[PDB]
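Peer 1: Provided hereafter are the protein sequence and its experimental coordinates.
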Amino acid sequence: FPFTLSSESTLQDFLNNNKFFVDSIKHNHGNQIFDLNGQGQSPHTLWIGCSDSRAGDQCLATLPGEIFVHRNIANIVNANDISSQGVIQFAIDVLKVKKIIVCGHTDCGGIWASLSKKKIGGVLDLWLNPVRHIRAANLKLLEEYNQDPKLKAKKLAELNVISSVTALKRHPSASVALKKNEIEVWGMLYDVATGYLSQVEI
Amino acid sequence: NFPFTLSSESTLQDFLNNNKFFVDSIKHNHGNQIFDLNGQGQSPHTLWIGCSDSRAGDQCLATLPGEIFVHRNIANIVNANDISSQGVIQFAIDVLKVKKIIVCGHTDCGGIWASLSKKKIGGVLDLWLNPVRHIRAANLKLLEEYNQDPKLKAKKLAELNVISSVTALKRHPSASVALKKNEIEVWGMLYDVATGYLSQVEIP
Amino acid sequence: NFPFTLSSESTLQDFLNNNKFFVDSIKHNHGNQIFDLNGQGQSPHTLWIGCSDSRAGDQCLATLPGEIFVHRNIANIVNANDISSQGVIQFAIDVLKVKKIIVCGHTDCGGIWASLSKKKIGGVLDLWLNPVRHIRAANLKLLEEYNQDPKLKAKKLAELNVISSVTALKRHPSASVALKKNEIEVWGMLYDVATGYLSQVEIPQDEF
Amino acid sequence: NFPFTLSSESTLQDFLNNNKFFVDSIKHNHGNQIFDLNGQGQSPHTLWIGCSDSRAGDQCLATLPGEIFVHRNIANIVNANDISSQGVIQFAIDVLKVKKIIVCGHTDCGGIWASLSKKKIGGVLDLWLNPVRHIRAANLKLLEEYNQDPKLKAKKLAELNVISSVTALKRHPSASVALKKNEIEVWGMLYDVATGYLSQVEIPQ
Ligand SMILES: [Zn+2]
Ligand SMILES: [Zn+2]
Ligand SMILES: [Zn+2]
Ligand SMILES: [Zn+2]
């Protein structure tokens, strides 16, 4: 379409996009940024967000070596998910990030599925359980946005962000550094139709 | 406090200023066309599995929002016991019907280097990395026809790890059916953190 | 050696000798009927989830082969991202169509004791047991009401753990459906290691 | 009703009653001695890893409580990335110091039959069973030599699966150190569901 790449696009087409990424960085910064990249990483921020192609840490327009990223379906931080827990562990314990952003977004597939109770199948029903819990736990509140789907899904999306932030703060290395005031934590919402990022109230 | 767009000392406002740029930048080049398409759904053409590392993101493909479905974790490990990986893989193929999948490791991977050391890492990480530890053991001293240079051992390990993840990805139910119907293609790649260059890994 | 049927020093043939007795015993009491049924397929009426502990097995229910579908792991933890447990539950409900599910903890459970401590174990077990450490953390005050007797404290955590596993089990997509259709029944239980007796664990009423 | 002790329509009291029998039966033969030992701790000599199947089951060894540490899961898969199994093995070897580990497959195993097809099962089971589908693929020419009797096809696969599980078990760090110290024995077995009999599987060495 109006996108840089397509289904039909070739391997070389991909490598052309990548040669552009290098040329652009080099054009604005010389070799200095890859020289830094190539010695170590010292990112300032951990971003935890949905896997969704339209959400994504891109929205912050940072350079390589600024943001440590974890992305998964519906930006769920669960204590038993070893994928999340390693990333958080490593981010706080090794990289010493000073900010953590948990970012959800509008039109989230996990959020919408969790509202309409038809079993998705495979492993997805299990993966989404905590969201299905969050909806059940907040039924009255959600009910008050009943008269508009997109807003109910959005309220749920926000509740999910808050849920993930609490779980994040209860992480052992997080909880320590948080109370030593070494770290800062934010919930956010990404608006898919506008590209704007707003802060969730916590 | 950097040649980077943000530092540790930045503000919520500063952050939000970067995002205002992102939006203005997209609008400058494309008008509302993207955020209009985005706002009515996603139809990405590619799934990207790579490392969480702040240098080796999918950014290195310079795509716009709406093109690439992403998962990132420590050392780009794909395992069938991991409901996170498999959930993503499943959704991408069956629902989103992505036509390309990319597994990307990269040079200077902390997970890979740790997998090469003696020192127990601690917590959940040492367990997380066991799959890589197994790959080192499963590959001779093919790893160190190179113990003359640390960096090359790391790179070969990283590539073996990519190959590991790719094979696993291919044995996924959705993947094996898609690949047999020739309805999807699969790539393993390495990002050189020092150069910004992506390259292909040959998959056996 | 010595009250027990087999020992460390036992032999393969000794084990096979026990198995010979198991076969002869069932044929003595039921003739050939059971092994003929077994041989034609399984139709168990119950799923049992309990701890691996050698003292606490489903044999405490004195059933014959073909009755009880069994999963056993350390501290009878049922967690929604553990593919082992969730496969067992999906299969039992969907395919076997069990009518009863029992989640059964027990007293002197080592997973419980380990979780009451703060000392790290090692290997996988500190992470396996993490759900239990959480339950203990979320009931800290309730539990410290049993500082008078550590044994009763551990017994309480064993119960909370049962309650946690059951609740997770019921949130399984196959289970939640079967339940709301009243096609299945779910029991928390506790097994007293010292008496061989099985008690029912009171499970919270439906709250969401 | 059945020829089995309990039914789909059996009650809670009814279950408690079979448990009451269990207790009575054991004190009848052994006094309070088993439960006294039990009550103080556990010292099992054997770890059993086997299938969840209601017909299989470590009861085929006719042991008293306190002898055998048990793990059971679908098709008795011992996989290095499966933490349920890996915890059981660690604890058994490192803490309980079991002297024997037994991996037991069985005939008519539903996980085996499902791995013989490549029809998708759905939910989680395609993933769970993947390492067995692998085994099928890597032994295809062999398993097809059993085409005319599907049941002996499933038996061979169930034996291959046992060999694979035992191989993974022995690569467990606890196991490996124990194995090299001649501190433990590991056995593959198969359980014939139709006959109640247990046989040994020849494992490579
Ligand atoms: Zn989403
Ligand atoms: Zn890395
Ligand atoms: Zn126990
Ligand atoms: Zn079976």
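Peer 2: Received it, and whenever you're ready, just let me know what you need. Numbering: from 1, shown residues only, chains lettered A, B, ... in the order given. Ligands and ions are numbered 1, 2, ... in the order given.

Peer 1: C-alpha only now, for contacts and for neighbours.
Peer 2: Noted.

Peer 1: longest single helix anywhere in chain A?
Peer 2: Ranked by residue count under DSSP state H, the longest helix found in chain A is helix A:149-169.

Peer 1: what does that one contact?
Peer 2: A:75-79, A:88, A:102-108, A:111-112, A:115, A:131, A:134-135, A:142-143, A:145-146, A:174-175, A:178, A:185-189, A:200, A:202 (C-alpha atoms under 8 Å, 6 or more residues apart in numbering or on different chains).

Peer 1: and if you look at stretch A:110-123?
Peer 2: Outside of stretch A:110-123, the residues within contact range by C-alpha under 8 Å, 6+ apart are A:73-74, A:125, A:128, A:131-132, A:135, A:153, A:156-157, B:83, B:86-87, B:90, C:173, D:122-124.

Peer 1: and those, which are buried?
Peer 2: Neighbour counting by 16 or more other C-alpha atoms under 10 Å in any protein chain shown classes A:73-74, A:125, A:128, A:131-132, A:135, A:153, A:156-157, B:83, B:86-87, B:90, C:173, D:123-124 among the contacts of stretch A:110-123 as buried.

Peer 1: Please enumerate the strands of chain A.
Peer 2: The residue ranges that make up the strands of chain A, judged by DSSP state E, are A:45-50, A:67-72, A:99-105, A:184-190, A:197-198.

Peer 1: Residue of chain A closest to ligand 1, please.
Peer 2: Nearest residue of chain A to ligand 1, counting by C-alpha to the ion: residue A:108, 3.4 Å away.

Peer 1: thinking that residue is in contact with residue A:74, fair?
Peer 2: Yes - with contact defined as C-alpha atoms under 8 Å, residue A:108 and residue A:74 form a contacting pair (6.6 Å).

Peer 1: can you list residues touching both of those two?
Peer 2: Joint contacts of residue A:108 and residue A:74 (C-alpha under 8 Å, 6+ apart) are residue A:50.

Peer 1: just to revisit the earlier point, kindly reformat the strands of chain A as TSV containing distance to chain C.
Peer 2: Output for these, formatted as TSV (distance: least, C-alpha to the nearest C-alpha, whole Å):
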stretch	distance to chain C
strand A:45-50	18
strand A:67-72	14
strand A:99-105	21
strand A:184-190	22
strand A:197-198	30
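
Peer 1: okay if I get those as a markdown table plus distance to ligand 3?
Peer 2: Supplementary listing: these in a markdown table, determined by distance: least, C-alpha to the ion, whole Å:
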| stretch | distance to ligand 3 |
| --- | --- |
| strand A:45-50 | 36 |
| strand A:67-72 | 34 |
| strand A:99-105 | 37 |
| strand A:184-190 | 38 |
| strand A:197-198 | 48 |
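
Peer 1: so which of those strands gets nearest ligand 4?
Peer 2: Taking C-alpha to the ion, strand A:67-72 is the member of those nearest to ligand 4, at 33.5 Å.

Peer 1: Just give me the residue closest to the centre of chain A.
Peer 2: Centroid-nearest residue in chain A, with C-alpha atoms, centre = their mean: residue A:49, separated by 0.9 Å.

Peer 1: so who does residue A:25 touch?
Peer 2: Listed by C-alpha under 8 Å, 6+ apart, the contact partners of residue A:25 are residue A:33.

Peer 1: try 10 Å this time
Peer 2: The contact partners of residue A:25, taken as C-alpha atoms under 10 Å, 6 or more residues apart in numbering or on different chains, are A:31-34, A:63-64, B:196.

Peer 1: Then residue A:191?
Peer 2: For residue A:191, the set of contacting residues under the criterion of C-alpha under 10 Å, 6+ apart consists of A:54-55, A:104-107, A:154, A:197-198, B:35, B:38-39.

Peer 1: do the same with residue A:192
Peer 2: For residue A:192, the contacting residues are A:52, A:54-55, A:105-108, B:34-42, B:65-66, taking C-alpha under 10 Å, 6+ apart as the criterion.

Peer 1: repeat that with 6 Å
Peer 2: Contacts for residue A:192 (C-alpha atoms under 6 Å, 6 or more residues apart in numbering or on different chains) come out as A:106, B:39.

Peer 1: quick one, phi psi at it?
Peer 2: Dihedral pair for residue A:192: phi -70, psi -30, per degrees, to the nearest 10.

Peer 1: roughly how far apart are it and ligand 4?
Peer 2: As judged by C-alpha to the ion, to the nearest Å, residue A:192 and ligand 4 stand 48 Å apart.

Peer 1: Also residue A:164?
Peer 2: Here the criterion is C-alpha to the ion. By it, residue A:164 lies 38 Å from ligand 4.

Peer 1: Helices of chain A, residue ranges please.
Peer 2: Remark: helices assigned in chain A by DSSP H are A:11-29, A:32-37, A:82-93, A:109-116, A:124-127, A:129-136, A:139-143, A:149-169, A:172-179.

Peer 1: Just checking the distance from the second one to the centre of its chain.
Peer 2: By that I understand helix A:32-37. Chain-centre distance of helix A:32-37: 25 Å, with C-alpha atoms, centre = their mean, to the nearest Å.

Peer 1: List of residues touching that helix?
Peer 2: Counting by C-alpha under 6 Å, 6+ apart, helix A:32-37 makes contact with B:193-195, all of which sit outside it.

Peer 1: Chain D: which of the residues you listed is nearest?
Peer 2: residue B:193 (29.5 Å; C-alpha to the nearest C-alpha).

Peer 1: ok, and the closest non-adjacent residue to that closest one?
Peer 2: Ranked by C-alpha to C-alpha, 6 or more residues apart in numbering or on different chains and with sequence neighbours excluded, the top spatial neighbour of residue B:193 is residue A:38, at 5.3 Å.

Peer 1: Would you mind stating the distance between the one you found and ligand 4?
Peer 2: Applying C-alpha to the ion, the value for residue A:38 to ligand 4 is 52 Å.

Peer 1: Equivalent analysis for residue A:180, please.
Peer 2: When distances are taken as C-alpha to the ion, residue A:180 and ligand 4 turn out to be 52 Å apart.

Peer 1: And for residue A:124?
Peer 2: Distance, residue A:124 to ligand 4, by C-alpha to the ion: 25 Å.

Peer 1: for residue A:179, same thing?
Peer 2: Spatial separation of residue A:179 from ligand 4 under the definition C-alpha to the ion is 50 Å.

Peer 1: what do you get for residue A:41?
Peer 2: Spatial separation of residue A:41 from ligand 4 under the definition C-alpha to the ion is 49 Å.

Peer 1: again with residue A:173
Peer 2: Residue A:173 sits 42 Å away from ligand 4, going by C-alpha to the ion.

Peer 1: quick revisit: okay, the helices of chain A in CSV with distance to ligand 2 next?
Peer 2: Compiled in CSV, the helices of chain A are given as follows (distance: least, C-alpha to the ion, whole Å):
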stretch, distance to ligand 2
helix A:11-29, 19
helix A:32-37, 12
helix A:82-93, 11
helix A:109-116, 27
helix A:124-127, 24
helix A:129-136, 28
helix A:139-143, 40
helix A:149-169, 21
helix A:172-179, 20
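
Peer 1: To ligand 3, which of the ones you listed lies closest?
Peer 2: Evaluated with C-alpha to the ion, the helices of chain A place helix A:82-93 nearest to ligand 3, the distance being 23.3 Å.

Peer 1: from memory residue A:189 sits against residue A:102, does it?
Peer 2: No - between residue A:189 and residue A:102 there is no contact, the gap being 8.5 Å when judged by C-alpha atoms under 6 Å.

Peer 1: was I right about residue A:49 contacting residue A:103?
Peer 2: Yes - using C-alpha under 6 Å, residue A:49 makes contact with residue A:103 at a distance of 4.7 Å.

Peer 1: any residues in contact with both of those two?
Peer 2: Residues within reach of residue A:49 and of residue A:103 at once, by C-alpha under 6 Å, 6+ apart: there are none.

Peer 1: which residues pair with residue A:104 across the strands?
Peer 2: Residue A:104 has the following beta-bridge partners by DSSP bridges: residue A:189.
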